[PDB]
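Here's run_25.txt, which has compact mmCIF, N, CA and C atoms:
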```txt
# COMPACT_ATOMS: atom_id res chain seq x y z
N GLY A 1 29.99 67.81 82.14
CA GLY A 1 31.17 68.68 81.87
C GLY A 1 32.20 68.65 82.99
N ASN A 2 33.05 69.68 82.99
CA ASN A 2 34.02 69.95 84.06
C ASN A 2 33.52 71.15 84.83
N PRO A 3 33.35 71.03 86.15
CA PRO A 3 32.85 72.21 86.87
C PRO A 3 33.86 73.37 86.85
N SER A 4 33.37 74.57 87.12
CA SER A 4 34.23 75.74 87.28
C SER A 4 35.23 75.48 88.38
N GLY A 5 36.48 75.83 88.12
CA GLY A 5 37.55 75.60 89.06
C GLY A 5 38.43 74.43 88.65
N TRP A 6 37.95 73.62 87.71
CA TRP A 6 38.72 72.49 87.14
C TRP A 6 39.60 72.85 85.90
N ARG A 7 40.91 72.64 86.02
CA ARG A 7 41.87 72.94 84.94
C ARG A 7 42.03 71.80 83.94
N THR A 8 42.55 72.16 82.76
CA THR A 8 42.71 71.20 81.67
C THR A 8 43.78 70.15 81.99
N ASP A 9 44.64 70.42 82.97
CA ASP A 9 45.59 69.39 83.39
C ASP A 9 45.01 68.45 84.44
N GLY A 10 43.68 68.44 84.56
CA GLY A 10 43.00 67.52 85.48
C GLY A 10 43.33 67.83 86.93
N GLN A 11 43.34 69.13 87.26
CA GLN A 11 43.56 69.62 88.62
C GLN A 11 42.60 70.76 88.88
N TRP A 12 42.32 71.00 90.15
CA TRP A 12 41.55 72.17 90.58
C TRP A 12 42.48 73.33 90.56
N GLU A 13 41.96 74.52 90.25
CA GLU A 13 42.80 75.72 90.22
C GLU A 13 43.44 76.02 91.57
N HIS A 14 42.67 75.90 92.64
CA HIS A 14 43.29 76.05 93.95
C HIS A 14 42.98 74.84 94.79
N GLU A 15 44.00 74.00 95.00
CA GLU A 15 43.81 72.76 95.73
C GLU A 15 43.25 72.93 97.14
N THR A 16 43.76 73.95 97.84
CA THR A 16 43.34 74.17 99.22
C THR A 16 41.88 74.65 99.26
N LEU A 17 41.40 75.24 98.17
CA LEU A 17 39.99 75.67 98.07
C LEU A 17 39.07 74.46 97.91
N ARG A 18 39.40 73.59 96.95
CA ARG A 18 38.71 72.32 96.76
C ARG A 18 38.74 71.51 98.05
N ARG A 19 39.90 71.47 98.71
CA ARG A 19 40.02 70.82 100.03
C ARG A 19 38.97 71.33 101.02
N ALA A 20 38.88 72.65 101.19
CA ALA A 20 37.95 73.29 102.13
C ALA A 20 36.51 72.88 101.80
N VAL A 21 36.23 72.80 100.50
CA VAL A 21 34.90 72.40 99.97
C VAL A 21 34.53 70.96 100.34
N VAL A 22 35.49 70.04 100.11
CA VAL A 22 35.31 68.61 100.40
C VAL A 22 35.07 68.44 101.87
N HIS A 23 35.96 68.94 102.72
CA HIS A 23 35.77 68.74 104.14
C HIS A 23 34.54 69.51 104.63
N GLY A 24 34.41 70.77 104.23
CA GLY A 24 33.26 71.56 104.65
C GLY A 24 31.93 70.99 104.26
N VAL A 25 31.79 70.55 103.02
CA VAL A 25 30.51 70.02 102.60
C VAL A 25 30.19 68.68 103.29
N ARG A 26 31.22 67.85 103.43
CA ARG A 26 30.97 66.57 104.10
C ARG A 26 30.59 66.80 105.57
N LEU A 27 31.24 67.74 106.24
CA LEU A 27 30.83 68.10 107.60
C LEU A 27 29.41 68.66 107.69
N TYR A 28 29.10 69.61 106.83
CA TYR A 28 27.76 70.14 106.74
C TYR A 28 26.72 69.00 106.57
N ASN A 29 27.01 68.06 105.68
CA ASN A 29 26.04 67.06 105.35
C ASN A 29 25.80 66.08 106.49
N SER A 30 26.71 66.06 107.45
CA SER A 30 26.53 65.20 108.62
C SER A 30 26.08 66.06 109.81
N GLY A 31 25.69 67.31 109.55
CA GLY A 31 25.20 68.17 110.60
C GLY A 31 26.22 68.66 111.61
N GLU A 32 27.51 68.63 111.21
CA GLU A 32 28.59 69.25 111.98
C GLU A 32 28.86 70.70 111.47
N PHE A 33 27.92 71.58 111.79
CA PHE A 33 27.83 72.92 111.19
C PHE A 33 28.98 73.84 111.58
N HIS A 34 29.34 73.82 112.86
CA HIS A 34 30.46 74.60 113.39
C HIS A 34 31.77 74.13 112.72
N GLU A 35 32.03 72.83 112.66
CA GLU A 35 33.25 72.36 112.03
C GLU A 35 33.29 72.69 110.54
N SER A 36 32.13 72.55 109.88
CA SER A 36 31.97 72.97 108.50
C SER A 36 32.36 74.43 108.33
N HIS A 37 31.71 75.32 109.10
CA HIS A 37 32.03 76.72 109.08
C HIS A 37 33.54 76.95 109.21
N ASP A 38 34.19 76.22 110.12
CA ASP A 38 35.61 76.44 110.37
C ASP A 38 36.50 76.07 109.20
N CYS A 39 36.15 75.02 108.44
CA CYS A 39 36.86 74.63 107.23
C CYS A 39 36.82 75.78 106.24
N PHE A 40 35.63 76.38 106.05
CA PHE A 40 35.51 77.52 105.10
C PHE A 40 36.25 78.79 105.59
N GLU A 41 36.10 79.04 106.88
CA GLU A 41 36.63 80.22 107.53
C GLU A 41 38.17 80.19 107.54
N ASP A 42 38.73 78.99 107.50
CA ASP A 42 40.16 78.83 107.40
C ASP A 42 40.72 79.29 106.04
N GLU A 43 39.90 79.18 105.01
CA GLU A 43 40.36 79.45 103.65
C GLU A 43 39.96 80.86 103.18
N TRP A 44 38.97 81.48 103.84
CA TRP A 44 38.25 82.65 103.25
C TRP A 44 39.00 83.98 103.05
N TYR A 45 40.18 84.11 103.64
CA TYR A 45 40.96 85.33 103.43
C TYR A 45 42.09 85.11 102.46
N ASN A 46 42.30 83.85 102.04
CA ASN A 46 43.46 83.46 101.25
C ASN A 46 43.46 83.93 99.81
N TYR A 47 42.37 84.58 99.39
CA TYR A 47 42.24 85.01 98.01
C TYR A 47 41.98 86.48 97.87
N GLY A 48 42.07 87.21 98.98
CA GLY A 48 41.76 88.64 99.04
C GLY A 48 40.28 88.94 99.11
N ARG A 49 39.86 89.91 98.32
CA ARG A 49 38.48 90.39 98.37
C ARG A 49 37.97 90.61 96.99
N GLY A 50 36.66 90.50 96.85
CA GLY A 50 35.98 90.99 95.68
C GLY A 50 36.02 90.03 94.52
N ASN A 51 36.70 88.91 94.62
CA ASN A 51 36.75 88.01 93.47
C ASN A 51 35.94 86.75 93.71
N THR A 52 35.88 85.88 92.70
CA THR A 52 34.97 84.72 92.73
C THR A 52 35.34 83.82 93.90
N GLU A 53 36.62 83.51 94.04
CA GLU A 53 37.09 82.68 95.14
C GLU A 53 36.67 83.20 96.49
N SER A 54 36.93 84.47 96.74
CA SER A 54 36.68 85.00 98.07
C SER A 54 35.17 85.18 98.32
N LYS A 55 34.42 85.47 97.25
CA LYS A 55 32.97 85.61 97.31
C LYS A 55 32.33 84.26 97.63
N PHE A 56 32.73 83.22 96.90
CA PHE A 56 32.23 81.88 97.19
C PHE A 56 32.48 81.49 98.68
N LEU A 57 33.70 81.72 99.17
CA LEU A 57 34.09 81.26 100.48
C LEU A 57 33.37 82.01 101.61
N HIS A 58 33.20 83.32 101.47
CA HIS A 58 32.39 84.14 102.37
C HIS A 58 30.94 83.68 102.40
N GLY A 59 30.38 83.43 101.22
CA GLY A 59 29.09 82.80 101.11
C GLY A 59 29.04 81.48 101.84
N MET A 60 29.98 80.56 101.59
CA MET A 60 29.83 79.29 102.28
C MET A 60 30.03 79.38 103.77
N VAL A 61 30.95 80.22 104.24
CA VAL A 61 31.10 80.52 105.71
C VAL A 61 29.76 80.88 106.36
N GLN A 62 29.00 81.70 105.66
CA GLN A 62 27.78 82.28 106.19
C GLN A 62 26.64 81.29 106.12
N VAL A 63 26.71 80.42 105.12
CA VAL A 63 25.74 79.30 105.05
C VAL A 63 25.91 78.36 106.26
N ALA A 64 27.14 77.85 106.44
CA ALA A 64 27.52 77.12 107.65
C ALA A 64 27.16 77.84 108.96
N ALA A 65 27.55 79.09 109.10
CA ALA A 65 27.28 79.84 110.33
C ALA A 65 25.76 80.01 110.53
N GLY A 66 25.02 80.28 109.43
CA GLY A 66 23.55 80.42 109.52
C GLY A 66 22.90 79.11 109.93
N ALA A 67 23.36 77.98 109.36
CA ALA A 67 22.84 76.67 109.81
C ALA A 67 23.09 76.41 111.29
N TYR A 68 24.31 76.65 111.69
CA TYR A 68 24.69 76.57 113.07
C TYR A 68 23.78 77.38 113.96
N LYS A 69 23.46 78.62 113.61
CA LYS A 69 22.58 79.42 114.50
C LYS A 69 21.20 78.82 114.57
N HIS A 70 20.73 78.30 113.43
CA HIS A 70 19.44 77.64 113.41
C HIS A 70 19.38 76.32 114.15
N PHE A 71 20.26 75.37 113.83
CA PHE A 71 20.18 74.07 114.50
C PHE A 71 20.66 74.04 115.96
N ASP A 72 21.77 74.70 116.26
CA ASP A 72 22.31 74.63 117.61
C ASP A 72 21.63 75.54 118.62
N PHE A 73 21.17 76.71 118.17
CA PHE A 73 20.65 77.72 119.10
C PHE A 73 19.22 78.14 118.88
N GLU A 74 18.60 77.57 117.83
CA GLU A 74 17.29 77.95 117.35
C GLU A 74 17.13 79.48 117.18
N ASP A 75 18.19 80.10 116.65
CA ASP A 75 18.25 81.52 116.45
C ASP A 75 17.97 81.87 114.99
N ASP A 76 16.68 82.00 114.66
CA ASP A 76 16.30 82.26 113.27
C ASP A 76 16.60 83.63 112.75
N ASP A 77 16.64 84.63 113.64
CA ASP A 77 17.01 85.99 113.22
C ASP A 77 18.47 85.97 112.79
N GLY A 78 19.33 85.30 113.57
CA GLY A 78 20.77 85.18 113.27
C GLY A 78 21.01 84.40 111.97
N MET A 79 20.29 83.29 111.82
CA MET A 79 20.25 82.53 110.59
C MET A 79 19.87 83.44 109.38
N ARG A 80 18.72 84.09 109.48
CA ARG A 80 18.25 85.01 108.42
C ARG A 80 19.23 86.08 108.05
N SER A 81 19.87 86.75 109.01
CA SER A 81 20.90 87.74 108.67
C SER A 81 22.10 87.21 107.88
N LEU A 82 22.65 86.09 108.32
CA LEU A 82 23.74 85.44 107.59
C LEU A 82 23.35 84.95 106.19
N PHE A 83 22.16 84.38 106.08
CA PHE A 83 21.62 83.91 104.81
C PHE A 83 21.44 85.06 103.81
N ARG A 84 20.95 86.21 104.26
CA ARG A 84 20.81 87.37 103.37
C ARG A 84 22.14 87.88 102.81
N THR A 85 23.18 87.96 103.61
CA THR A 85 24.46 88.36 103.07
C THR A 85 25.11 87.24 102.28
N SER A 86 24.86 85.98 102.64
CA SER A 86 25.48 84.89 101.86
C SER A 86 25.04 84.94 100.38
N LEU A 87 23.77 85.27 100.20
CA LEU A 87 23.14 85.37 98.86
C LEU A 87 23.78 86.48 98.02
N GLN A 88 24.14 87.57 98.69
CA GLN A 88 24.86 88.65 97.99
C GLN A 88 26.27 88.25 97.58
N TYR A 89 26.98 87.56 98.46
CA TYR A 89 28.28 87.01 98.10
C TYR A 89 28.27 86.01 96.94
N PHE A 90 27.25 85.16 96.91
CA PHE A 90 27.08 84.20 95.81
C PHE A 90 26.73 84.82 94.48
N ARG A 91 26.28 86.06 94.45
CA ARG A 91 26.05 86.71 93.17
C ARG A 91 27.32 86.78 92.29
N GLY A 92 27.24 86.21 91.09
CA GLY A 92 28.41 86.22 90.20
C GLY A 92 29.23 84.94 90.29
N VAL A 93 28.95 84.08 91.29
CA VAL A 93 29.68 82.83 91.45
C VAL A 93 29.01 81.78 90.53
N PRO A 94 29.80 81.03 89.73
CA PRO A 94 29.15 80.01 88.89
C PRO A 94 28.37 79.01 89.74
N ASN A 95 27.28 78.48 89.21
CA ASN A 95 26.36 77.62 89.97
C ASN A 95 26.81 76.20 90.14
N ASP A 96 27.99 75.91 89.61
CA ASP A 96 28.64 74.57 89.72
C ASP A 96 30.03 74.64 90.36
N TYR A 97 30.32 75.75 91.02
CA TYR A 97 31.66 76.08 91.41
C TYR A 97 32.29 75.02 92.32
N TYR A 98 33.43 74.49 91.87
CA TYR A 98 34.24 73.52 92.62
C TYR A 98 33.48 72.24 92.92
N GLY A 99 32.51 71.94 92.07
CA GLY A 99 31.76 70.73 92.23
C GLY A 99 30.50 70.88 93.05
N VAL A 100 30.29 72.06 93.65
CA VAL A 100 29.07 72.32 94.46
C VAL A 100 27.86 72.62 93.56
N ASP A 101 26.70 72.05 93.87
CA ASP A 101 25.49 72.53 93.21
C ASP A 101 25.02 73.80 93.93
N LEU A 102 25.62 74.91 93.54
CA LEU A 102 25.42 76.18 94.19
C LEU A 102 24.06 76.76 93.88
N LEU A 103 23.48 76.38 92.76
CA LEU A 103 22.14 76.80 92.46
C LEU A 103 21.17 76.30 93.51
N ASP A 104 21.29 75.03 93.86
CA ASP A 104 20.47 74.44 94.92
C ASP A 104 20.73 75.07 96.29
N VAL A 105 22.00 75.31 96.63
CA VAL A 105 22.36 76.12 97.80
C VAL A 105 21.63 77.46 97.79
N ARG A 106 21.68 78.19 96.67
CA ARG A 106 21.08 79.51 96.68
C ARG A 106 19.58 79.43 96.81
N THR A 107 18.97 78.42 96.21
CA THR A 107 17.50 78.43 96.22
C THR A 107 17.00 77.94 97.58
N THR A 108 17.72 77.00 98.19
CA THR A 108 17.35 76.46 99.54
C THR A 108 17.54 77.53 100.64
N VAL A 109 18.67 78.23 100.52
CA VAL A 109 18.97 79.31 101.44
C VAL A 109 17.95 80.44 101.27
N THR A 110 17.56 80.70 100.03
CA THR A 110 16.46 81.65 99.77
C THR A 110 15.13 81.19 100.39
N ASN A 111 14.80 79.92 100.19
CA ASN A 111 13.65 79.32 100.83
C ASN A 111 13.63 79.46 102.34
N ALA A 112 14.79 79.22 102.94
CA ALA A 112 14.93 79.25 104.39
C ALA A 112 14.64 80.64 104.97
N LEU A 113 14.79 81.69 104.16
CA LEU A 113 14.45 83.03 104.61
C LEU A 113 12.96 83.13 104.93
N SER A 114 12.16 82.32 104.24
CA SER A 114 10.71 82.29 104.44
C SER A 114 10.32 81.25 105.46
N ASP A 115 11.08 80.15 105.47
CA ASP A 115 10.72 78.99 106.22
C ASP A 115 11.99 78.24 106.60
N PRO A 116 12.49 78.44 107.82
CA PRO A 116 13.75 77.78 108.26
C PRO A 116 13.75 76.24 108.14
N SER A 117 12.57 75.64 108.18
CA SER A 117 12.47 74.22 107.97
C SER A 117 12.91 73.75 106.57
N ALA A 118 13.04 74.64 105.59
CA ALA A 118 13.72 74.34 104.31
C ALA A 118 15.09 73.63 104.52
N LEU A 119 15.73 73.93 105.64
CA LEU A 119 17.02 73.35 105.99
C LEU A 119 16.97 71.93 106.51
N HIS A 120 15.82 71.49 107.00
CA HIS A 120 15.76 70.22 107.76
C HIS A 120 16.03 69.01 106.91
N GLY A 121 17.09 68.28 107.22
CA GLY A 121 17.54 67.16 106.40
C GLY A 121 18.13 67.50 105.04
N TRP A 122 18.29 68.79 104.75
CA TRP A 122 18.88 69.25 103.48
C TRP A 122 20.36 69.01 103.50
N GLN A 123 20.85 68.42 102.42
CA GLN A 123 22.26 68.20 102.25
C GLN A 123 22.71 68.88 100.99
N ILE A 124 23.91 69.44 101.04
CA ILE A 124 24.54 70.10 99.90
C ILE A 124 25.06 69.05 98.87
N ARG A 125 24.71 69.28 97.59
CA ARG A 125 25.16 68.42 96.48
C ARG A 125 26.59 68.77 96.05
N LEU A 126 27.46 67.77 96.00
CA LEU A 126 28.85 67.95 95.61
C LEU A 126 29.22 66.80 94.71
N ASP A 127 29.77 67.15 93.55
CA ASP A 127 30.11 66.19 92.52
C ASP A 127 28.91 65.31 92.17
N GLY A 128 27.70 65.89 92.19
CA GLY A 128 26.46 65.21 91.85
C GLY A 128 25.92 64.35 92.94
N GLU A 129 26.59 64.27 94.09
CA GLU A 129 25.93 63.55 95.19
C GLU A 129 26.01 64.22 96.52
N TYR A 130 25.76 63.42 97.56
CA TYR A 130 25.61 63.91 98.92
C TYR A 130 26.61 63.30 99.83
N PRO A 131 27.89 63.65 99.67
CA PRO A 131 28.89 62.95 100.50
C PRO A 131 28.76 63.37 101.96
N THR A 132 29.23 62.52 102.87
CA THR A 132 29.07 62.79 104.28
C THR A 132 30.39 62.68 105.00
N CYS A 133 30.36 62.98 106.30
CA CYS A 133 31.55 63.07 107.10
C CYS A 133 32.36 61.77 107.17
N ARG A 134 33.68 61.85 107.01
CA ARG A 134 34.56 60.67 107.15
C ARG A 134 35.52 61.01 108.29
N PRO A 135 36.15 59.99 108.90
CA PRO A 135 37.03 60.40 110.02
C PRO A 135 38.07 61.48 109.61
N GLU A 136 38.52 61.48 108.36
CA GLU A 136 39.51 62.47 107.93
C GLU A 136 38.98 63.92 107.85
N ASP A 137 37.67 64.05 107.62
CA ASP A 137 37.03 65.37 107.56
C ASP A 137 37.01 65.99 108.93
N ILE A 138 36.56 65.24 109.94
CA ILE A 138 36.55 65.76 111.28
C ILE A 138 37.97 65.95 111.78
N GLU A 139 38.85 65.02 111.43
CA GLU A 139 40.27 65.20 111.76
C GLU A 139 40.84 66.52 111.21
N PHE A 140 40.58 66.79 109.94
CA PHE A 140 41.00 68.07 109.38
C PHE A 140 40.42 69.30 110.13
N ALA A 141 39.10 69.33 110.37
CA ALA A 141 38.49 70.47 111.07
C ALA A 141 39.11 70.65 112.46
N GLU A 142 39.32 69.55 113.16
CA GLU A 142 40.00 69.59 114.47
C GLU A 142 41.48 70.02 114.45
N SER A 143 42.19 69.70 113.37
CA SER A 143 43.54 70.19 113.18
C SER A 143 43.59 71.69 112.91
N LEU A 144 42.47 72.38 112.68
CA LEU A 144 42.57 73.81 112.33
C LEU A 144 43.04 74.68 113.48
N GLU A 145 43.79 75.73 113.11
CA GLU A 145 44.27 76.83 113.98
C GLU A 145 43.90 76.82 115.46
```
Re-express the file's structure as structure tokens.
Amino acid sequence: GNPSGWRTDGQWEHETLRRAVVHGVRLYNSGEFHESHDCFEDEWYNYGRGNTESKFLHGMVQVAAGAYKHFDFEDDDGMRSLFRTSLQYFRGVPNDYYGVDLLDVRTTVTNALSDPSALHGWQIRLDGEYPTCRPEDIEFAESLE
């Protein structure tokens, strides 16, 4: 099918949101967790509060930030706290949103609450695969604010 967020004119409803997803997921998948977080964090206030867009983005910020606490600092309590709120933000978000396999995100992040090693070598599925960092993704994260 067409994932949620895809319009009938063959465009994403919010281009800058899809952008954040592409760069963020590719950064995440190459283990650049801080840069990933920053791609999401750049977009996360642009839609206000309480709606699908802003809920998805807050969730992904916290996924990135939770990974970062786990891999960079071995801070599992910090990871666990972010993961618990990320799951609440994802409530109500379609499981295919903007090309992300969000169902797998939610179940892996849920797993990690029990066992942080659920994260090890885990990559986020986007458009049915596992895209990784390209020079333009890191360039974009570095161009941020």
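Using only N, CA and C atoms, the smallest distance between any of A:120, A:127, A:140, A:46 and residue A:98 comes from A:127.
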Filtered DSSP result for chain A, state helix (DSSP H, G or I), as a VMD selection string: chain A and resid 15 to 29 33 to 43 52 to 73 76 to 90 97 to 99 102 to 114 116 to 119 135 to 143
With all atoms listed in the file counted and 7 Å as the cut-off, give the residues of stretch 88-139 of chain A in contact with stretch 14-30 of chain A, each with its shortest interatomic distance in Å and the pair that gives it, as JSON lines.
```
{"residue": "A:98", "atom": "CA", "partner": "A:18", "partner_atom": "CA", "distance": 6.2}
{"residue": "A:122", "atom": "C", "partner": "A:29", "partner_atom": "CA", "distance": 6.3}
{"residue": "A:123", "atom": "CA", "partner": "A:29", "partner_atom": "CA", "distance": 5.0}
{"residue": "A:124", "atom": "N", "partner": "A:29", "partner_atom": "CA", "distance": 5.4}
{"residue": "A:130", "atom": "C", "partner": "A:29", "partner_atom": "CA", "distance": 6.7}
{"residue": "A:131", "atom": "C", "partner": "A:26", "partner_atom": "CA", "distance": 4.4}
{"residue": "A:132", "atom": "C", "partner": "A:26", "partner_atom": "CA", "distance": 4.0}
{"residue": "A:133", "atom": "N", "partner": "A:26", "partner_atom": "C", "distance": 3.9}
{"residue": "A:134", "atom": "N", "partner": "A:26", "partner_atom": "C", "distance": 6.0}
{"residue": "A:136", "atom": "C", "partner": "A:23", "partner_atom": "CA", "distance": 6.9}
{"residue": "A:137", "atom": "CA", "partner": "A:23", "partner_atom": "CA", "distance": 5.0}
{"residue": "A:138", "atom": "N", "partner": "A:27", "partner_atom": "CA", "distance": 6.8}
```
Which residues come within 7 Å of residue A:63, counting all atoms listed in the file, excluding same-chain residues fewer than 2 positions away, as a PyMOL selection string? chain A and resi 37+58-61+65-68+82-83+86
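Nearest to residue A:56 of all the residues A:116, A:128, A:135, A:94 is A:94, based on all atoms listed in the file.
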